[PDB]
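Report on the following structure.
Values quoted throughout were computed directly from the atomic coordinates according to the rules given, and no laboratory measurement underlies them. Positions of Cβ are backbone-derived with ideal geometry, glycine not excepted, and every protein chain shown enters the neighbour counts.
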Amino acid sequence: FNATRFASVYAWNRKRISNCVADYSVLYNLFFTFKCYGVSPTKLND
Amino acid sequence: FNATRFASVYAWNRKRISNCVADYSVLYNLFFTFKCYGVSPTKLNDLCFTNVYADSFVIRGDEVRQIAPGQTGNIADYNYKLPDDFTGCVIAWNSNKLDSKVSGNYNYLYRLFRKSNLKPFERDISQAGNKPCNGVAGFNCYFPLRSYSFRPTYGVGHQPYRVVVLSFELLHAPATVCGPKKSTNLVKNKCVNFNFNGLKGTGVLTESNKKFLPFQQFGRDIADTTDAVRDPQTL
Amino acid sequence: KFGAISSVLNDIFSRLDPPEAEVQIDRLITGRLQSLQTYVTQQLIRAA
Amino acid sequence: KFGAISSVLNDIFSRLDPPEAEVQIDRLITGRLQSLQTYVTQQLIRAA
Amino acid sequence: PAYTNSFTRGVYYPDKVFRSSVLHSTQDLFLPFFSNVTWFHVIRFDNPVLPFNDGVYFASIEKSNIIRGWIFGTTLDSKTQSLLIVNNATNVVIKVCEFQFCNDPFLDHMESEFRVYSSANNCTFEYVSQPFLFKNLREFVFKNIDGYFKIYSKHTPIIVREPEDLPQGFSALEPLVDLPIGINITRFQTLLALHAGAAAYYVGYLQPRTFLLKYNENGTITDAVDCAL
Ligand SMILES: *[C@@H]1O[C@H](CO)[C@@H](O)[C@H](O)[C@H]1NC(C)=O
Ligand SMILES: *[C@@H]1O[C@H](CO)[C@@H](O)[C@H](O)[C@H]1NC(C)=O
Ligand SMILES: *[C@@H]1O[C@H](CO)[C@@H](O)[C@H](O)[C@H]1NC(C)=O
Ligand SMILES: *[C@@H]1O[C@H](CO)[C@@H](O)[C@H](O)[C@H]1NC(C)=O
Ligand SMILES: *[C@@H]1O[C@H](CO)[C@@H](O)[C@H](O)[C@H]1NC(C)=O
């Protein structure tokens, strides 16, 4: 989420997130757009 | 709306509104957001409401999304919780010209921490663990009410936004609030389209033997279709 | 209610905007057509 | 699945928020009622 | 504490829509039929603290109007918000302040409010209207749903036979007032107007049960059955 330089759209960076416990509350910490498909934002921590 | 003094989010003040016509058109005239749930915004004028309750509070601009049905957050779970099935509007507008000072704003606070989640349409005007606090600050102890410390130099998501929530019920009681719609003289024993207290239907209206008790305003058939209505102007 | 906000149609028209209602009243029409098709099927079996 | 995201009820309640589920589970309920109306109709015809 | 039986009482009108000659099934918070309810008799004095438990059915049999009102609150002190009901010879005062109640909030001895409350902080409510209240049976149902306080009341005089018994009869409770209190009603306590007298009052708790109410002609609920009894 925080990088000195994000990747360009033509060559987007794909980061594999695994073998960890993910809390999605931290994301909302940083005007935030959070559109979720197939799932809703509140249910992610469940 | 046009009040200099509002209320803190933890102690939001709810204003009873009844026995008057409400022209929602004035609010539309006033920089403002008019997101409504249960009723769409344009249809509010041609409706009659049982009671209109205004929940007035001040929050930040990023916490407006917390004031929502089914939404979990700081303000939603600890300050002002909305029901999943209410009928009403949420109105939020930026007022940093009246609610921001250079040093800060200690008039408006928010409850940062609480023991449990707060039930909808309730207000709390009142220890994390380990040692008890006993009325003093210590380890794992916090003064739950923290100040917003507003400034005009802050970002737009942290600017003071004034939110009022207009809540009401529909077709469940005698309606004390109605839209500014002109009345029409009543005729009986004729097939006439009718709009009694926001209920629209085409039917023949006749005198009814049913004696409605004062609470009862409508009569319902086994198909849940109104079979009798008490005229608002004449009972 | 057939999965809608109310059983009556004139509330859904007055309370909700025209695009929003056509989602509720389509459900209501589908539920009432299902019930009427169930009534003409059971009446046909009873007629047999 | 009857056009919903899943056949089973529990992942639709755990994944989607209550307003969005009430449409998906209504689509499942209507379809399951249809299958069960088809079964009751065919049992009535075979019982006749 | 003594326990007595509620034979068919606790049934109220669920909504403000007439219905006549219709057997309508409603699922709401009602008092289970044939339920054990607490019976408190005062002439020591029985003025205890009782929990709310998402609904209270209150019935009182008295002559001299000793049982005047109630208090509702979370912890029943001045740190939290609390409701008050006080009835006198003129009117009734329903008042939601942050009261500091005494341990024995006996009304008057008149000495007026006296030791019902000591202080009022952040008072936000004040509904004053017509007063709520041989023996006279006064029945009350309190519901706190989504921040709305619903009171259902019915007044009908009753006979004796066996002393101080709830009557075996069906009487529907008409809605009286709906209040936007917006407080947490966890506990409650009645008020006794101490001054030669006698009073007795009954407390029952509501449960979410399905009731099939028998509306007939004139629009009155005359009979009902508890589905899960
Ligand atoms: C009401 O107060 C109780 C006190 O035990 C508290 O635990 C609970 O969270 C509150 N509940 C409601 C209805 O807000
Ligand atoms: C206004 O309404 C009241 C209903 O209580 C009725 O008694 C009265 O006659 C009405 N007045 C006019 C001028 O229509
Ligand atoms: C109710 O109380 C009476 C006496 O206190 C007792 O005999 C009876 O068994 C109780 N009923 C239930 C269901 O506990
Ligand atoms: C009853 O209470 C009201 C409310 O304060 C008061 O104004 C009135 O004088 C009282 N009546 C008495 C004490 O007779
Ligand atoms: C209904 O009202 C009529 C008055 O015409 C009365 O004779 C009858 O007894 C009433 N029915 C009941 C159940 O009270």
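Report, in whole Å, the centroid distance computed from the Cα atoms of region B:160-198 and chain D.
38 Å
Looking at region B:86-138, what % of the alpha carbon pairs are farther apart than 19 Å?
Distances greater than 19 Å cover 60 percent of the Cα pairs.
Find out how many positive minus negative residues lie around E:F140, taking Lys and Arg as positive, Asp and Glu as negative, among other residues whose Cβ is under 12 Å from that of E:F140.
Once positives and negatives cancel, what remains is +3.
Calculate the mean, over all residues of peptide C:28-35, of how many other protein chain Cβ atoms lie within 10 angstrom of the residue's Cβ.
Average neighbour count from other chains, rounded to a whole number: 1.
So who's got an amide H within less than 5 Å of the one on B:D227, skipping anything under 5 residues away but keeping other chains? H placed 1.01 Å off N, in plane.
B:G219, B:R220, B:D221
For a distance above 49 Å, tell me the whole-number percent of Cα pairs in the protein assembly as shown that qualify.
Looking at the protein assembly as shown, the distances longer than 49 Å represent 22 percent of pairs.
Which of rounded, prolate, oblate describes region E:1-114, given a ≥ b ≥ c as roots of the alpha-carbon gyration tensor eigenvalues and a/c under 1.5 marking rounded, otherwise prolate only if a/b is larger than b/c?
Prolate.
Can you list the HN-Hα couplings for region E:86-103, worked out from phi with the Karplus curve (6.51, -1.76, 1.60; θ = phi - 60°), rounded to whole Hz and with x for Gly and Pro?
3J(HN,Hα) across region E:86-103, in whole Hz: 10, 10, 9, 6, 8, 8, 10, 10, 9, 9, 10, 10, 10, 4, 9, 6, 7, 6.
In the calculated pair distance distribution of chain A, what percentage of Cα-Cα distances lie above 14 Å?
When all Cα pairs of chain A are counted, 68 percent exceed 14 Å.
Out of residues 5 or more away from E:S35 or on other chains, whose amide H comes under 5 Å of its own, with H placed 1.01 Å from N in the peptide plane?
Residues meeting the amide H criterion: E:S6.
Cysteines of chain E lacking any other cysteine beta carbon under 4.7 Å?
Lone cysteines by the Cβ rule: E:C102, E:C227.
Ranked from highest to lowest mean number of other Cβ atoms within 10 Å per residue, what is the order of the peptides A:17-23, E:48-54?
Answer by packing, highest mean first, reads E:48-54, A:17-23.
Which residue, D:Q43, B:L112, B:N197, has the largest displacement toward the positive end of the dipole of the protein assembly as shown when charges sit on each Cβ (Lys, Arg +1; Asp, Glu -1)?
B:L112
I need the phi-derived Karplus couplings for region B:100-113: 6.51 cos²θ - 1.76 cosθ + 1.60, θ = phi - 60°, integer Hz, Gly and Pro marked x.
My calculation for region B:100-113 gives 9, 10, 6, 6, x, 10, 9, 6, 10, 10, 9, 7, 6, 10 Hz in order.
Provide a whole-number value for the mean count of partner chain Cβ atoms within 10 Å of the Cβ atoms in peptide B:89-100.
Mean partner-chain Cβ count within 10 Å for B:89-100: 0.
How shielded is B:119-125 by partner chains, expressed as the average number of their Cβ atoms within 10 Å of its Cβ atoms?
Mean number of neighbouring Cβ atoms from other chains: 6.
With viscosity set to 0.890 mPa s and temperature to 25 °C, compute the Stokes-Einstein D of chain E, Rh being the Kirkwood radius across alpha carbon pairs; µm²/s, no decimals.
134 µm²/s
If I measure Cβ to Cβ between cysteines in chain B, which ones have no partner under 4.7 Å?
Within chain B, the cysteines lacking a partner Cβ under 4.7 Å are B:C20, B:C191.
Neighbouring Cβ atoms within 10 Å as the yardstick, rank E:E98, E:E164, E:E111 fewest first.
Result, fewest neighbours first: E:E111, E:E164, E:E98.
I'd like the orientation of helix D:18-47 relative to chain D: the angle between its Cα long axis and the longest Cα principal axis, in ° from 0 to 90, rounded to 10.
Roughly 10 degrees between the two axes.
Could you work out, for chain D, what percent of all Cα-Cα pairs fall into each 5 Å distance bin, beginning at 0 Å and stopping at the bin that holds the largest distance?
Calculated over all Cα pairs of chain D, the distribution is 5, 22, 24, 15, 10, 10, 7, 5, 2, 0 percent.
Over what distance in Å are the Cα centres of region E:1-24 and region A:3-46 separated?
53 Å
Find the centroid of the Cα atoms in region E:128-173 and in region E:72-118, then give the distance between the two in whole Å.
21 Å
Once chain B is represented by equal point scatterers at the alpha-carbon sites, with solvent omitted, what log10 I(q)/I(0) does the Debye formula produce at q = 0.12, 0.13 Å⁻¹?
Cα-only, vacuum Debye calculation for chain B: -0.78, -0.87.
Got a sec to turn the phi values of region E:33-41 into Karplus ³J(HN,Hα) couplings, 6.51 cos²θ - 1.76 cosθ + 1.60 with θ = phi - 60°, whole Hz, x for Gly and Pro?
Result, ordered by residue: 5, 6, 10, 7, 10, 6, 10, 10, 10 Hz.
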